[PDB]
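What follows is one chain in structure tokens, specifically the form deposited in one PDB entry.
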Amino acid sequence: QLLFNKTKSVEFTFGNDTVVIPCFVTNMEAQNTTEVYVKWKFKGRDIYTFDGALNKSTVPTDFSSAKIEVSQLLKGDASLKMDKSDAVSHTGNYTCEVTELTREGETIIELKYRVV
């Protein structure tokens, strides 16, 4: 497996212009991003994917702001970034799934919105 440095939850308020949902693999050994695949899932849907072999990111139109920083994958960082509009209407549990060659793993993080 790919193993994760786990986080139970992250929180944001009206004050956040964007949000980050952390995802960190602790035993990544990738030499090139072509070897890597990432899926972020919400309520059973793939709301962000990165197919390294094609250098291709894919999001649905209701998560149009979702992205990762592809350059950080080789360090094991697959953290999701989105704008506050996509975030405030889609609070809940996010699954980060990473694959490197044949090794795979996933971790879950709850995105929580605090009303102030």
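Residues that one form lacks are left out of the comparison. For the two forms, the rigid core is made up of the largest set of C-alpha atoms that agree within 1.5 Å on superposition. Start at 1 with the first residue shown and count on from there.
The stretch 64-72 shows the higher mean C-alpha B-factor when 64-72 is compared against 87-95 in the entry.
Look at the mean CA B-factor for 51-59 and for 33-41 in the entry; the higher one is 51-59. Annotation for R114: C-alpha temperature factor in the middle third relative to the rest of the modelled chain, per the entry.
Below, we refer to the form deposited in another entry, which is not included among the displayed structures.
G105 is among the residues whose C-alpha shifts by 2 Å or more between this form and the one not shown once the rigid core is aligned. Once both forms are overlaid on their core, the sole residue range between this form and the one not shown with Cα shifts reaching 2 Å in three or more consecutive positions is 102-115.
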